[PDB]
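S.K.:
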Amino acid sequence: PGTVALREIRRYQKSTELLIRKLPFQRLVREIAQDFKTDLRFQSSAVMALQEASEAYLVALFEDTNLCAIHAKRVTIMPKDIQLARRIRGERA
Amino acid sequence: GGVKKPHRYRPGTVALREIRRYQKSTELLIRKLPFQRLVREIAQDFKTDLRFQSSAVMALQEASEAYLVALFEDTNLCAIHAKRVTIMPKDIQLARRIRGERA
Amino acid sequence: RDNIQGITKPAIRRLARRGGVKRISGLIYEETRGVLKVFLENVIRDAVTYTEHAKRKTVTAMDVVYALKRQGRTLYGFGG
Amino acid sequence: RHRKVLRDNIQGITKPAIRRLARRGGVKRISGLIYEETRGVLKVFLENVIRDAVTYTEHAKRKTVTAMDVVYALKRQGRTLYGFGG
Amino acid sequence: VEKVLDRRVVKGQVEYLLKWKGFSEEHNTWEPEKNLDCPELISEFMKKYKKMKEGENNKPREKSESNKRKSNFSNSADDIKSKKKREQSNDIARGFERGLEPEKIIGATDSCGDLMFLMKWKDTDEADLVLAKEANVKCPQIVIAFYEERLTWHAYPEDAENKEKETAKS
Amino acid sequence: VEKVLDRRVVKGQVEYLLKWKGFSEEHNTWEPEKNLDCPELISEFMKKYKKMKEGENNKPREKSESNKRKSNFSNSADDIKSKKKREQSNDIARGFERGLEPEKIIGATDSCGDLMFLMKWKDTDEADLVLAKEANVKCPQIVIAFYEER
Amino acid sequence: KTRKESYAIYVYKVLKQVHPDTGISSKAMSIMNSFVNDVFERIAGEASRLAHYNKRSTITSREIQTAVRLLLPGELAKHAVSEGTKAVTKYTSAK
Amino acid sequence: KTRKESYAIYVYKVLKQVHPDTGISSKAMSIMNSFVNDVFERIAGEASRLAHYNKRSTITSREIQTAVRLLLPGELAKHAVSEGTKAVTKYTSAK
Amino acid sequence: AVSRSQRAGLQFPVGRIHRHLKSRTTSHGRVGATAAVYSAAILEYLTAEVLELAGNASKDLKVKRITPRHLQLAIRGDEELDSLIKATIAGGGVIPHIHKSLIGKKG
Amino acid sequence: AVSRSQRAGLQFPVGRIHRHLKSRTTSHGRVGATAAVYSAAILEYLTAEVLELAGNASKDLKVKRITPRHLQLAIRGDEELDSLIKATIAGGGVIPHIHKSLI
DNA sequence: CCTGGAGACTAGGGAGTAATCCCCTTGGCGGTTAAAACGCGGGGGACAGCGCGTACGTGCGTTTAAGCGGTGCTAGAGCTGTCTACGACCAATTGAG
DNA sequence: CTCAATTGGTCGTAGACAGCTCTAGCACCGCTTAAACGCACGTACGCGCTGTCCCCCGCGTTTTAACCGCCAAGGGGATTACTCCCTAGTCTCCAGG
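This is the structure in structure tokens:
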């Protein structure tokens, strides 16, 4: 099948919805922030500013993996291509 | 495959030995006289007649070595995932899009 | 549940459809967290340093724009 | 006595040099269109340095590119060659 | 003020045994940096100190002893960071006088050499870190059996990608 | 002959492997140094053997644990035998095939496992590992001095 | 101050810092002199830029520890504090 | 209250003169305000770095024109110089 | 009352740029009135170009309110501003890509 | 002549570090005394980290001439050092990454 | 040879961390109807492998230029020390942000 | 409202670009000995066909915990004044790039 997933791409490419969580996403950052230095504090605009950058970083990372399948005649992404694509930018593994 | 034999070598020996031959000596594969003629063609576009010293060409020859090998390594690493062994001319535009260059 | 189970399975599928991914493998849901942790650690280690450099104890939104400028992922938000 | 009027310099490019430079990275075999596809990117990569060196030389009230403008032209592209000033 | 040889850090102050002109070795006293006039003697003294630290070719040692090796005269001065934590020095050095069995081996913070090996104890949750070499002589079996699965280290990321590409090429 | 893969130093003699074309690794034999005649296949291998060893530092990969390999083999001609593996170690002079006295202990790692007790012999460019139980019985003065280095 | 070749005497004096069985050539000194100069210029540019965002002007001893932690990763940031504290504790009349 | 001067109504003053029948919100203004502040710092740094090695201290008219040619390519910096020359020609002419 | 903004004919201030250029300039710079008019004009042109490029796509959807999505398409859509501005627009997404490998049975 | 080198024992000259920091005043600014001392220590440590590797890489040839190819083993051989130095090394030669799929 | 901090000095104008304006962040309880986890039919992906096209690998033939510098015309940096004109910092008009 | 922009004092010590010393620009056409590049005919592995392991689309059922409104303690934002002991300015010794 391919008719159901066809309109889902246009439904997401036309609206910039908030797909990132707010309450469960802050605990993941707090668990790592409490390990470096105790007695810390955060605000509400910092989480939104981080989510606005992560929403673009995810698409930027997925585009590089999706572009590596057209030349190889493939339609399904693979986790092995991400490690090879990250070595060109400078992040590596 | 020998040196005094009428038959030639098999495609898979000299190409593999050439990779190891350039890993023990430090030489400059980029030429100097034919490479200097291409810079003057672009430097004399819509500007006046300029000159150059004996250091700009030496700096460009060293700067191109860190770029050509870096661009070829990405293509060589990407050609393995395509179930192939030879690089393709259309893969350069796909490899340049991941780094940030336009294509 | 634990804090590491924040990112769900449909959350990654709803975000991968914006670029142009047709089919999503099963190992992506387990491999994306390993990269997201390293991506968030670079900002976490910088936020505490920026807070301690100003002799403060609260991470504001003005320091994130300055911290993301050196990482290469510049984003226009609260100043910067 | 200044500079020679050279024309049609795209035919004098060395062919075995491009094949020898690819053996250092680890490339096994090459195609036939690589020699025609590399020159189409080499000019674009060199124009980003050529157009900057002339501007850097004109900004310093000079007409000859010395051994200092090359470093400033390469630092903008993330190269920064070593062994030329600081 | 001639040729400096001795060098030690006393309470965060690097001393300099300045050799007096026309005196013996028993009359050399510690001269703190407070009133001097030798900008070249400080730079010329460290030019020969780094050569002695790199002269040990794979730690040479004969069979007739007389080959004592050491990193520094004050053990990395006073502001140490490896082995123990919370800087300072060896505040707690008790644990080998009882002789018990370790509970389990957990992880700690990674570093570039000399990791903080945390040793657990039974009943109470007392945390003790060893650093002295005298504890590995009376009971060397406990020090050997302690190192088992502290830091999980698989392999290099570059070597794992080569084997994974052979399962999908053909 | 393409490249050198197997190289072992047995009985004070360095022998190289003859990589024959059109075959594999099991069809390669051995030849003395005085019988070969290829000066171009010596410097290229010597410049690569040092580079492959200088980059294998900082907690390298693990190996086959819970294995003693040697430790009292047998009697009646313990040499010759067959073949161990296809790596650079394995079939190497570990002191039992030569009978030399140990010099000093080198190597200091910190990975998932026991300590690397790399015992280096006299007049030997290579080294191997020894047991932790028979080290404090023969010459225990070296094991104590090895820990008091840093 | 603002000259291009400000270092010349200290560059040629480096000869005993390596092994005594080797010597530095003429093509290996320019690569080593620029390496430290680039890091020094980067540190000087970061110190004059990280003070305006935090409302500062005087570059004291606390403004240098931030540039080392921001440039070097966390795996090697703790190895420089021991070397930096030795240069501060040795300087008297400053605690 | 001595806060930093931000460009908030500066863009609206020009937007109302060309398109008076357009209305902006409070969320799309900070995105456009930060872009100018981020693009001006690079030009300021490029103009300041071109005076330390050239033994200069006075910013003339060539330092501003060099940054536009260095950053923007030849496909877009051709009209910028022509648009900027008119402002200098009309300033030195009369009041 | 007369000022420097009405003499040269520019909506951007002259004093603000002159005061901001004195911070990045090393030592005591002499930033006069001939270094701010040429600097503010480029910024004004770059600010007006994005607005003019975004206003051409706001009249096709029949909406008078300025949306942040129109600013991202005016930057990522053009081949001149995409190579210069390497940053990402917060709350805008990317451009829709059309390919022939998004159906069933391969292509 | 006390200056600042007499109160702090370091290899690099302390008086040669504050010579370039006095130009970057940034309006009403001030240059500290301990800032140069703290900045010179990091530079000395970074220089020694490479000088030790350059001496440790050569132990079998005993050549009195340092080759530029041997100096690349300290930057390209360490992952923590290759990622910190974003500049390109002047000279050719890379790492012979021999893969199992090429042979 | 060269050409600038060093040291004595005591002006200029900032760090430390007290005071106190007027509304955020985080632990907590209650509960709508969002889109959470697990794992059902049967679409058509990935990987292993047989057969044999297109156009590369690998020496020889025949050049006519590649490399070092061979020699010597009259342009090209940087240094020097004249004259020249932009706009430091100052006080205080009268209007933008 | 507040405390930014402005005009036009006034002789401070920046900068434009002539001339001079004596580098190494790049013409003409010297020599040595291995590179440029034509197109033979060996046998690599292109990316089409279609074998057959146990992947994961579409959108059921109804847990777990998305994120909604609105409690009210006392965190520590981002400044504004006081008066500590920082290290500029700029004379003129005898060090150093």
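Residue numbers (UniProt numbering), protein chains in the order written: chain C, 44 to 136; chain A, 34 to 136; chain D, 24 to 103; chain S, 18 to 103; chain V, 22 to 191; chain H, 22 to 171; chain G, 32 to 126; chain Y, 32 to 126; chain W, 17 to 123; chain P, 17 to 119.
Where a beta carbon is used, it is the ideal one built from N, C-alpha and C, also for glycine.
(1) Within the 7 angstroms Cβ cut-off, does residue 5(D) reach chain C?
(2) Considering only their Cβ atoms, is the gap separating residue 122(A) from residue 54(S) smaller than 7 angstroms?
(3) Am I right that residue 121(Y) and residue 48(W) are in contact with their C-beta atoms under 8 angstroms? What's the rounded C-beta distance?
(4) So what's residue 27(D) in DSSP terms, helix, strand or just coil?
(5) Does residue 154(H) come out as helix, strand or coil in the three-state DSSP assignment?
(6) List the residues of chain W that residue 118(Y) touches, going by C-beta distances under 8 angstroms, in chain order.
(7) What first and last residue would you give for the alpha helix (DSSP H) that runs through residue 94(S)?
(8) What residues in the region 35–59 of chain G have a beta carbon less than 8 angstroms from any beta carbon of chain P?
(9) To which residues of the same chain is residue 43(H) closer than 8 angstroms at the C-beta, ignoring the five residues directly before and after it?
(10) Relative to the alpha-carbon of residue 100(D), which residue among 43(Y), 74(Y), 65(Y), 126(Y) has its alpha-carbon at the smallest distance?
(11) Please identify the residue among 88(H), 103(H), 91(H), 60(H) whose C-alpha is closest to the C-alpha of residue 47(H).
(12) State the CB to CB distance for the pair residue 45(Y) and residue 64(W), rounded to an integer number of angstroms; the pair is presumed to be in contact (CB under 8 angstroms).
(13) Would you tell me roughly how many angstroms separate the C-alpha atoms of residue 63(D) and residue 37(H), rounded to the nearest one?
(14) Just the Cα atoms here: how many angstroms apart are residue 172(V) and residue 126(V)?
(15) Am I right that residue 93(P) and residue 75(H) are in contact with their C-beta atoms under 8 angstroms? What's the rounded C-beta distance?
(16) If the cut is a Cβ gap below 8 angstroms, which residues of chain S does residue 119(A) touch?
(17) Can you tell me the Cα-Cα spacing of residue 103(C) and residue 127(A), whole angstroms?
(18) State the Cα-Cα distance for the pair residue 130(A) and residue 110(C), rounded to the nearest angstrom.
(19) Can you find a C-beta in chain P that's less than 7 angstroms from the C-beta of residue 43(H)?
(20) Does residue 42(D) get closer than 7 angstroms to chain C when you measure Cβ to Cβ?
(21) Whose C-alpha, out of 132(A), 115(A), 120(A), 54(A), is nearest the C-alpha of residue 44(S)?
(22) Out of 122(H), 128(H), 136(H), which one is the CA nearest neighbour of residue 143(H)?
(23) Report yes if the CB atom of residue 87(S) is closer than 7 angstroms to the CB atom of residue 92(A), and no otherwise.
(24) I need the boundaries of the alpha helix (DSSP H) containing residue 91(A), first residue and last residue.
(25) Run the CB neighbour count on residue 55(C), radius 10 Å, all protein chains shown included, and call it buried at 16 or more, exposed below.
(26) Quick one, which residues of the region 71–99 of chain S are near chain G if we go by CB-CB under 8 angstroms, in chain order?
(27) Using a cut-off of 7 angstroms between C-beta atoms, extract the partners of residue 98(V) located in chain G.
(28) Going by the DSSP bridge assignment, what does residue 148(H) pair with across the sheet?
(29) Select from the region 77–88 of chain C all residues with a C-beta closer than 7 angstroms to any C-beta belonging to chain W, and list them in chain order.
(30) With 7 angstroms set as the bound, which would you pick, yes or no: does the beta-carbon of residue 57(S) sit closer than that to a beta-carbon of chain A?
(31) Please list the partners that residue 107(G) has in chain V, where partner means a Cβ-to-Cβ separation under 8 angstroms.
(32) Out of 67(W), 33(W), 52(W), 37(W), point me to the one whose CA is closest to residue 48(Y)'s CA.
(33) Who does residue 119(C) pair with in a DSSP beta bridge?
(34) Taking 8 angstroms as the cut-off, does the region 152–170 of chain H touch the region 150–158 of chain V (at least 3 CB pairs, one atom from each stretch)?
(35) Mapping the DSSP letters down to three states, classify residue 112(Y) as helix, strand or coil.
M.R.: So, to answer that:
(1) Outside the shown range of chain D (24 to 103) lies residue 5(D), about which nothing can therefore be said.
(2) In the fourth sequence, the residue the question calls residue 54(S) occupies position 37. In the second sequence, the residue the question calls residue 122(A) occupies position 89. Taking 7 angstroms as the Cβ cut-off, residue 54(S) and residue 122(A) qualify as a contacting pair.
(3) Counted from its first residue, the eighth sequence places residue 121(Y) at position 90. Counted from its first residue, the ninth sequence places residue 48(W) at position 32. The pair is not a contact, with the Cβ atoms about 18 angstroms apart (cut-off 8 angstroms).
(4) One-based indexing of the third sequence puts residue 27(D) at position 4. The answer is helix: DSSP assigns residue 27(D) an H, G or I state.
(5) Counted from its first residue, the sixth sequence places residue 154(H) at position 133. Residue 154(H) falls in the coil class under three-state DSSP.
(6) Numbered from 1 along the eighth sequence, position 87 holds the residue referred to as residue 118(Y). Chain W residues near residue 118(Y): 24, 25, 26, 53, 54, 57.
(7) For the purposes of this step, residue 94(S) is taken as the residue at position 77 of the fourth sequence. No alpha helix (DSSP H) holds residue 94(S); DSSP gives it neither H nor E.
(8) 37, 38, 41, 48, 49, 50, 52, 53, 54, 55, 56, 58, 59
(9) If you number the sixth sequence from 1, residue 43(H) lands on position 22. If we look at residue 43(H) and ignore the five residues flanking it on each side, it has no Cβ neighbours.
(10) Here residue 100(D) corresponds to residue number 77 of the third sequence, with the count starting at 1. It is 65(Y).
(11) Position 26 of the sixth sequence holds residue 47(H). It is 103(H).
(12) Within the eighth sequence, residue 45(Y) is the residue found at index 14, counting from 1. Within the ninth sequence, residue 64(W) is the residue found at index 48, counting from 1. That belief holds up - the Cβ atoms of residue 45(Y) and residue 64(W) are roughly 7 angstroms apart, short of 8 angstroms.
(13) Translated into positions along the third sequence, residue 63(D) becomes position 40. Translated into positions along the sixth sequence, residue 37(H) becomes position 16. If I take the Cα positions, the gap works out to 51 angstroms.
(14) On the fifth sequence, residue 172(V) is found 151 positions in, with the first residue counted as 1. On the fifth sequence, residue 126(V) is found 105 positions in, with the first residue counted as 1. Straight-line Cα distance between these residues: approximately 9 angstroms.
(15) To locate residue 93(P), count along the tenth sequence from 1; it is residue 77. To locate residue 75(H), count along the sixth sequence from 1; it is residue 54. About 7 angstroms; that satisfies the 8 angstroms criterion.
(16) The residue you call residue 119(A) lines up with position 86 of the second sequence. Neighbours of residue 119(A) on chain S, chain order: 45, 46, 47, 48.
(17) Taking the first residue of the first sequence as position 1, residue 103(C) is located at position 60. Taking the first residue of the second sequence as position 1, residue 127(A) is located at position 94. If you take the alpha carbons of residue 103(C) and residue 127(A), they lie about 15 angstroms apart.
(18) Counting from one through the second sequence, the residue named residue 130(A) turns up at place 97. Counting from one through the first sequence, the residue named residue 110(C) turns up at place 67. Taking the straight line from one Cα to the other gives about 9 angstroms.
(19) Your numbering for residue 43(H) matches position 22 in the sixth sequence. Cβ-Cβ to chain P under 7 angstroms: no for residue 43(H).
(20) Mapped onto the third sequence, residue 42(D) falls at position 19. True, the Cβ-Cβ gap to chain C drops below 7 angstroms.
(21) For the purposes of this step, residue 44(S) is identified with residue 27 of the fourth sequence, where counting begins at 1. Selected option, being the one with the closest Cα: 120(A).
(22) In the sixth sequence, the residue the question calls residue 143(H) occupies position 122. The residue with the shortest Cα to Cα distance from residue 143(H) is 122(H).
(23) Within the fourth sequence, numbered from 1, the residue matching residue 87(S) stands at position 70. Within the second sequence, numbered from 1, the residue matching residue 92(A) stands at position 59. A contact, by the Cβ cut-off of 7 angstroms.
(24) As a working note, residue 91(A) is residue 58 in the second sequence. Per DSSP, residue 91(A) belongs to the alpha helix (DSSP H) from 89–114.
(25) As a working note, residue 55(C) is residue 12 in the first sequence. Residue 55(C) should be labelled buried.
(26) 85, 97, 99
(27) The residue given as residue 98(V) occupies position 77 in the fifth sequence. Neighbours of residue 98(V) on chain G, chain order: 117.
(28) For the purposes of this step, residue 148(H) is taken as residue 127 along the sixth sequence, with counting starting at 1. Note: residue 148(H) sits in a beta bridge opposite 141(H).
(29) none
(30) Locating residue 57(S) in the fourth sequence gives position 40, counting from the first residue. No, because no Cβ of chain A sits closer than 7 angstroms to the Cβ of residue 57(S).
(31) Against the seventh sequence, residue 107(G) aligns to sequence position 76. Within 8 angstroms Cβ-Cβ: 133.
(32) As a position in the eighth sequence, residue 48(Y) is number 17, starting the count at 1. It is 67(W).
(33) As a working note, residue 119(C) is residue 76 in the first sequence. Partner(s): 46(D).
(34) yes
(35) Reading the eighth sequence from its first residue, position 81 is the one you call residue 112(Y). It is helical.
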